[PDB]
file run_16.cif (mmCIF, N, CA and C atoms)
data_protein
#
loop_
_atom_site.label_atom_id
_atom_site.label_comp_id
_atom_site.auth_asym_id
_atom_site.auth_seq_id
_atom_site.Cartn_x
_atom_site.Cartn_y
_atom_site.Cartn_z
N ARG Q 699 5.19 19.51 -1.75
CA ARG Q 699 4.62 20.38 -2.77
C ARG Q 699 4.02 21.67 -2.22
N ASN Q 700 3.64 21.64 -0.94
CA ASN Q 700 3.07 22.81 -0.28
C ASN Q 700 4.13 23.70 0.36
N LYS Q 701 5.24 23.10 0.78
CA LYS Q 701 6.36 23.83 1.30
C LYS Q 701 7.09 24.43 0.13
N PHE Q 702 7.19 23.62 -0.93
CA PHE Q 702 7.90 23.98 -2.12
C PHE Q 702 7.30 25.27 -2.61
N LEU Q 703 5.97 25.25 -2.66
CA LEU Q 703 5.15 26.31 -3.24
C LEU Q 703 5.22 27.60 -2.42
N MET Q 704 5.00 27.47 -1.11
CA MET Q 704 5.06 28.59 -0.17
C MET Q 704 6.47 28.69 0.42
N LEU Q 705 7.38 29.09 -0.45
CA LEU Q 705 8.79 29.17 -0.15
C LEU Q 705 9.38 29.70 -1.43
N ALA Q 706 9.12 28.98 -2.52
CA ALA Q 706 9.61 29.41 -3.80
C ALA Q 706 9.03 30.78 -4.07
N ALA Q 707 7.84 31.02 -3.49
CA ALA Q 707 7.13 32.32 -3.58
C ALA Q 707 7.66 33.39 -2.61
N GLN Q 708 8.70 33.07 -1.85
CA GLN Q 708 9.41 34.03 -1.03
C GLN Q 708 10.70 34.27 -1.74
N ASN Q 709 10.82 33.64 -2.90
CA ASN Q 709 12.06 33.64 -3.64
C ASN Q 709 11.97 34.58 -4.82
N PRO Q 710 12.56 35.78 -4.70
CA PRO Q 710 12.49 36.79 -5.75
C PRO Q 710 13.23 36.39 -7.03
N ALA Q 711 13.27 35.09 -7.32
CA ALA Q 711 13.82 34.61 -8.58
C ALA Q 711 12.77 33.90 -9.44
N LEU Q 712 11.66 33.50 -8.82
CA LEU Q 712 10.58 32.81 -9.53
C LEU Q 712 9.27 33.58 -9.47
N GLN Q 713 8.27 33.12 -10.22
CA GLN Q 713 6.94 33.73 -10.28
C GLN Q 713 5.94 32.72 -10.83
N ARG Q 714 4.66 33.01 -10.64
CA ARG Q 714 3.61 32.15 -11.16
C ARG Q 714 3.86 30.65 -10.90
N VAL Q 715 4.31 30.28 -9.71
CA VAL Q 715 4.56 28.88 -9.42
C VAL Q 715 3.30 28.14 -9.02
N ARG Q 716 2.81 27.30 -9.93
CA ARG Q 716 1.59 26.55 -9.71
C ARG Q 716 1.83 25.04 -9.83
N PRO Q 717 1.41 24.26 -8.83
CA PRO Q 717 1.47 22.81 -9.03
C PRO Q 717 0.62 22.46 -10.23
N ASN Q 718 0.97 21.44 -11.01
CA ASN Q 718 0.23 21.21 -12.24
C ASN Q 718 -1.03 20.36 -12.00
N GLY Q 719 -0.89 19.24 -11.30
CA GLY Q 719 -2.02 18.33 -11.05
C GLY Q 719 -3.17 18.92 -10.25
N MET Q 720 -3.97 18.07 -9.61
CA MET Q 720 -5.11 18.52 -8.81
C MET Q 720 -4.80 18.46 -7.31
N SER Q 721 -5.68 19.02 -6.50
CA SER Q 721 -5.53 19.01 -5.04
C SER Q 721 -6.54 18.04 -4.48
N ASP Q 722 -6.19 17.36 -3.39
CA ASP Q 722 -7.12 16.46 -2.71
C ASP Q 722 -8.42 17.16 -2.35
N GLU Q 723 -9.51 16.47 -2.61
CA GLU Q 723 -10.83 16.92 -2.28
C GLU Q 723 -11.42 15.96 -1.23
N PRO Q 724 -12.66 16.21 -0.80
CA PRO Q 724 -13.21 15.20 0.09
C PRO Q 724 -13.80 14.00 -0.67
N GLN Q 725 -13.53 12.80 -0.17
CA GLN Q 725 -14.06 11.57 -0.76
C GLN Q 725 -14.80 10.78 0.31
N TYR Q 726 -15.93 10.22 -0.07
CA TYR Q 726 -16.82 9.52 0.85
C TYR Q 726 -16.39 8.08 1.06
N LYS Q 727 -15.65 7.83 2.13
CA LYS Q 727 -15.17 6.48 2.42
C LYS Q 727 -16.32 5.58 2.86
N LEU Q 728 -16.13 4.28 2.71
CA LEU Q 728 -17.12 3.29 3.15
C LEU Q 728 -16.49 2.32 4.14
N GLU Q 729 -17.11 2.19 5.31
CA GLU Q 729 -16.69 1.17 6.26
C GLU Q 729 -17.69 0.00 6.20
N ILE Q 730 -17.17 -1.21 6.11
CA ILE Q 730 -18.01 -2.39 6.11
C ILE Q 730 -17.65 -3.26 7.28
N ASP Q 731 -18.59 -3.40 8.21
CA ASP Q 731 -18.40 -4.24 9.37
C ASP Q 731 -18.76 -5.67 9.00
N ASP Q 732 -17.76 -6.48 8.68
CA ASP Q 732 -18.02 -7.86 8.29
C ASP Q 732 -18.56 -8.66 9.48
N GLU Q 733 -18.25 -8.19 10.69
CA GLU Q 733 -18.73 -8.80 11.93
C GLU Q 733 -20.25 -8.90 11.93
N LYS Q 734 -20.90 -7.87 11.41
CA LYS Q 734 -22.35 -7.85 11.28
C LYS Q 734 -22.77 -8.36 9.91
N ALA Q 735 -21.79 -8.57 9.03
CA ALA Q 735 -22.07 -9.06 7.69
C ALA Q 735 -22.26 -10.57 7.72
N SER Q 736 -21.28 -11.25 8.30
CA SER Q 736 -21.33 -12.70 8.45
C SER Q 736 -22.39 -13.07 9.47
N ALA Q 737 -22.68 -12.14 10.37
CA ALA Q 737 -23.70 -12.33 11.39
C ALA Q 737 -25.09 -11.98 10.86
N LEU Q 738 -25.19 -11.72 9.57
CA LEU Q 738 -26.47 -11.42 8.94
C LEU Q 738 -26.76 -12.35 7.75
N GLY Q 739 -25.88 -13.32 7.52
CA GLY Q 739 -26.05 -14.27 6.43
C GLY Q 739 -25.66 -13.72 5.07
N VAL Q 740 -25.15 -12.49 5.04
CA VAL Q 740 -24.77 -11.83 3.79
C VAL Q 740 -23.29 -12.05 3.55
N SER Q 741 -22.97 -12.75 2.47
CA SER Q 741 -21.58 -13.15 2.16
C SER Q 741 -20.54 -12.10 2.53
N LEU Q 742 -20.17 -11.27 1.56
CA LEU Q 742 -19.05 -10.34 1.67
C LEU Q 742 -18.57 -10.06 0.25
N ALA Q 743 -18.57 -11.09 -0.58
CA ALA Q 743 -18.29 -10.96 -1.99
C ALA Q 743 -19.52 -10.46 -2.72
N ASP Q 744 -20.69 -10.77 -2.19
CA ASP Q 744 -21.94 -10.32 -2.78
C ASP Q 744 -22.15 -8.85 -2.48
N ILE Q 745 -21.55 -8.36 -1.40
CA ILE Q 745 -21.70 -6.95 -1.07
C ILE Q 745 -20.85 -6.12 -2.04
N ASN Q 746 -19.61 -6.56 -2.21
CA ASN Q 746 -18.67 -5.93 -3.11
C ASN Q 746 -19.20 -5.92 -4.54
N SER Q 747 -19.69 -7.06 -5.01
CA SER Q 747 -20.29 -7.14 -6.34
C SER Q 747 -21.46 -6.20 -6.43
N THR Q 748 -22.08 -5.97 -5.28
CA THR Q 748 -23.23 -5.10 -5.19
C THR Q 748 -22.82 -3.65 -5.36
N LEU S 251 -12.58 -15.68 8.75
CA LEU S 251 -12.72 -17.00 8.14
C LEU S 251 -14.06 -17.67 8.47
N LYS S 252 -14.50 -17.55 9.72
CA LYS S 252 -15.68 -18.27 10.18
C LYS S 252 -16.18 -17.72 11.51
N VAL S 253 -17.42 -18.06 11.82
CA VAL S 253 -18.03 -17.68 13.09
C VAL S 253 -18.49 -18.93 13.82
N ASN S 254 -17.80 -19.29 14.89
CA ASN S 254 -18.19 -20.44 15.70
C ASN S 254 -19.71 -20.43 15.86
N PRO S 255 -20.37 -21.55 15.52
CA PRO S 255 -21.83 -21.62 15.66
C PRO S 255 -22.30 -21.22 17.06
N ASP S 256 -21.33 -20.99 17.95
CA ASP S 256 -21.59 -20.61 19.33
C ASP S 256 -20.96 -19.26 19.66
N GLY S 257 -21.35 -18.22 18.92
CA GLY S 257 -20.78 -16.89 19.11
C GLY S 257 -19.31 -16.82 18.71
N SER S 258 -18.76 -15.61 18.70
CA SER S 258 -17.36 -15.40 18.31
C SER S 258 -17.08 -15.84 16.87
N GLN S 259 -15.87 -15.54 16.41
CA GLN S 259 -15.48 -15.84 15.04
C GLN S 259 -14.02 -16.27 14.98
N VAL S 260 -13.66 -16.99 13.92
CA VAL S 260 -12.29 -17.48 13.73
C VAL S 260 -11.55 -16.57 12.76
N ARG S 261 -10.32 -16.21 13.12
CA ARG S 261 -9.55 -15.25 12.34
C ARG S 261 -8.37 -15.94 11.66
N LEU S 262 -7.79 -15.26 10.67
CA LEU S 262 -6.63 -15.77 9.97
C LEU S 262 -5.51 -16.02 10.95
N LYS S 263 -5.34 -15.12 11.91
CA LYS S 263 -4.27 -15.30 12.90
C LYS S 263 -4.50 -16.52 13.79
N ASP S 264 -5.70 -17.09 13.74
CA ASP S 264 -6.00 -18.31 14.49
C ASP S 264 -5.51 -19.56 13.77
N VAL S 265 -5.58 -19.55 12.44
CA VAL S 265 -5.16 -20.69 11.64
C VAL S 265 -3.74 -20.60 11.08
N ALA S 266 -3.16 -19.40 11.02
CA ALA S 266 -1.81 -19.28 10.47
C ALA S 266 -1.01 -18.11 11.01
N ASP S 267 0.29 -18.14 10.78
CA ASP S 267 1.15 -17.02 11.09
C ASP S 267 1.30 -16.13 9.86
N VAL S 268 1.44 -14.83 10.13
CA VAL S 268 1.48 -13.85 9.06
C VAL S 268 2.72 -12.99 9.19
N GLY S 269 3.13 -12.37 8.09
CA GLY S 269 4.23 -11.42 8.15
C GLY S 269 4.94 -11.22 6.84
N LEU S 270 5.77 -10.19 6.79
CA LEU S 270 6.54 -9.90 5.59
C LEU S 270 7.71 -10.86 5.50
N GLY S 271 7.75 -11.62 4.42
CA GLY S 271 8.89 -12.46 4.11
C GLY S 271 9.23 -12.32 2.66
N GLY S 272 10.34 -12.94 2.27
CA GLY S 272 10.75 -12.98 0.88
C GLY S 272 9.65 -13.41 -0.06
N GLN S 273 9.71 -12.96 -1.31
CA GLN S 273 8.77 -13.40 -2.32
C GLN S 273 9.23 -14.75 -2.87
N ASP S 274 10.48 -15.09 -2.56
CA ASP S 274 11.09 -16.29 -3.02
C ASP S 274 12.30 -16.49 -2.13
N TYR S 275 12.52 -17.72 -1.66
CA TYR S 275 13.63 -18.00 -0.75
C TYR S 275 14.78 -18.73 -1.42
N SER S 276 14.57 -19.13 -2.68
CA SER S 276 15.55 -19.95 -3.41
C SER S 276 16.92 -19.33 -3.37
N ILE S 277 17.04 -18.13 -3.93
CA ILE S 277 18.32 -17.46 -4.07
C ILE S 277 18.55 -16.54 -2.88
N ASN S 278 19.81 -16.40 -2.49
CA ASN S 278 20.24 -15.60 -1.36
C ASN S 278 21.75 -15.45 -1.48
N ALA S 279 22.34 -14.45 -0.83
CA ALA S 279 23.79 -14.22 -0.98
C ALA S 279 24.39 -13.42 0.16
N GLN S 280 25.72 -13.36 0.16
CA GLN S 280 26.48 -12.66 1.17
C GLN S 280 27.76 -12.07 0.55
N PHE S 281 28.32 -11.05 1.20
CA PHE S 281 29.47 -10.34 0.64
C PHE S 281 30.62 -10.31 1.63
N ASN S 282 31.60 -11.17 1.36
CA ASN S 282 32.80 -11.31 2.20
C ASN S 282 32.53 -12.17 3.45
N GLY S 283 31.27 -12.26 3.86
CA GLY S 283 30.90 -13.08 5.00
C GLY S 283 29.69 -12.52 5.71
N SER S 284 29.11 -11.47 5.14
CA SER S 284 28.02 -10.77 5.78
C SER S 284 26.80 -10.87 4.89
N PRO S 285 25.61 -10.94 5.52
CA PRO S 285 24.39 -11.08 4.72
C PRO S 285 24.26 -9.91 3.77
N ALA S 286 23.96 -10.20 2.50
CA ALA S 286 23.90 -9.15 1.48
C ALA S 286 22.81 -9.40 0.46
N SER S 287 22.80 -8.54 -0.56
CA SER S 287 22.01 -8.76 -1.77
C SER S 287 22.67 -8.11 -2.99
N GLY S 288 21.90 -7.98 -4.06
CA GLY S 288 22.44 -7.48 -5.32
C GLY S 288 21.61 -7.83 -6.54
N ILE S 289 21.60 -6.93 -7.53
CA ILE S 289 21.05 -7.19 -8.88
C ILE S 289 22.21 -7.44 -9.80
N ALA S 290 22.12 -8.50 -10.58
CA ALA S 290 23.06 -8.69 -11.67
C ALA S 290 22.47 -8.00 -12.89
N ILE S 291 23.31 -7.27 -13.61
CA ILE S 291 22.91 -6.56 -14.86
C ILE S 291 23.48 -7.34 -16.04
N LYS S 292 22.65 -7.74 -17.00
CA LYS S 292 23.26 -8.23 -18.27
C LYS S 292 23.27 -7.08 -19.27
N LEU S 293 24.36 -6.88 -19.99
CA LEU S 293 24.33 -5.87 -21.07
C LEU S 293 23.34 -6.21 -22.17
N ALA S 294 22.67 -5.18 -22.66
CA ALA S 294 21.77 -5.25 -23.81
C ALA S 294 22.57 -5.38 -25.13
N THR S 295 22.17 -6.30 -26.01
CA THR S 295 22.96 -6.59 -27.22
C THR S 295 23.20 -5.28 -27.96
N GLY S 296 24.42 -5.00 -28.38
CA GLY S 296 24.69 -3.73 -29.08
C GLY S 296 25.09 -2.55 -28.20
N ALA S 297 24.67 -2.56 -26.95
CA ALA S 297 24.98 -1.49 -26.03
C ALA S 297 26.45 -1.54 -25.67
N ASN S 298 26.99 -0.47 -25.09
CA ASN S 298 28.43 -0.34 -24.80
C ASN S 298 28.70 -0.49 -23.33
N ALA S 299 29.55 -1.44 -22.97
CA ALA S 299 29.77 -1.82 -21.56
C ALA S 299 30.29 -0.66 -20.67
#
call {"tool": "encode", "arguments": {"input": "run_16.cif", "output": "structure tokens"}}
result
Amino acid sequence: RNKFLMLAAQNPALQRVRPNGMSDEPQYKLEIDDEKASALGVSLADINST
Amino acid sequence: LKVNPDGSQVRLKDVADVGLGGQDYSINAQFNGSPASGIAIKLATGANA
């Protein structure tokens, strides 16, 4: 979609070429170390439910 | 799966083997003598073959 876009725009046959959907933004991932989870007496399903 | 009451932990790979296999092994086929596959299509009632 990015090659498509910056290429079709070198193409004197098209204009105003815009992808319709959204662009990836930053999202805050979560890492859960179950090694310290089971080693802390805290289930794992209770964390998720949490 | 578990943590040995004496340090360390037990993993799925310790109790079983893992990997991509068929979702079902019942049906299987070959074409002329070579391993193959295929979808059979039934015509929809009224549709034209």
call {"tool": "atom_distance", "arguments": {"input": "run_16.cif", "atom1": "atom N of residue 290 of chain S", "atom2": "atom CA of residue 269 of chain S"}}
result
26.1 Å
call {"tool": "atom_distance", "arguments": {"input": "run_16.cif", "atom1": "atom CA of residue 287 of chain S", "atom2": "atom CA of residue 268 of chain S"}}
result
23.8 Å
call {"tool": "atom_distance", "arguments": {"input": "run_16.cif", "atom1": "atom CA of residue 705 of chain Q", "atom2": "atom CA of residue 719 of chain Q"}}
result
18.8 Å
call {"tool": "interface_residues", "arguments": {"input": "run_16.cif", "of": "chain Q", "to": "chain S", "cutoff": "10 Å", "atoms": "only C-alpha atoms", "output": "JSON, numbers by chain"}}
result
{"Q": [733, 736, 737]}
call {"tool": "residues_around", "arguments": {"input": "run_16.cif", "residues": "residue 703 of chain Q", "least_positions_apart": "6", "cutoff": "8 Å", "atoms": "all atoms listed in the file", "output": "number ranges by chain"}}
result
Q: 715-717
call {"tool": "write_last_selection", "arguments": {"input": "run_16.cif", "atoms": "N, CA and C atoms", "output": "mmCIF file, keeping the file's coordinate frame"}}
result
data_model
loop_
_atom_site.group_PDB
_atom_site.id
_atom_site.type_symbol
_atom_site.label_atom_id
_atom_site.label_comp_id
_atom_site.auth_asym_id
_atom_site.auth_seq_id
_atom_site.Cartn_x
_atom_site.Cartn_y
_atom_site.Cartn_z
ATOM 1 N N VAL Q 715 4.310 30.280 -9.710
ATOM 2 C CA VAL Q 715 4.560 28.880 -9.420
ATOM 3 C C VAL Q 715 3.300 28.140 -9.020
ATOM 4 N N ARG Q 716 2.810 27.300 -9.930
ATOM 5 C CA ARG Q 716 1.590 26.550 -9.710
ATOM 6 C C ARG Q 716 1.830 25.040 -9.830
ATOM 7 N N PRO Q 717 1.410 24.260 -8.830
ATOM 8 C CA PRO Q 717 1.470 22.810 -9.030
ATOM 9 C C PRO Q 717 0.620 22.460 -10.230
#
call {"tool": "select_by_dssp", "arguments": {"input": "run_16.cif", "residues": "chain S", "states": "strand (DSSP E)", "output": "PyMOL selection string"}}
result
chain S and resi 279-281+284-286
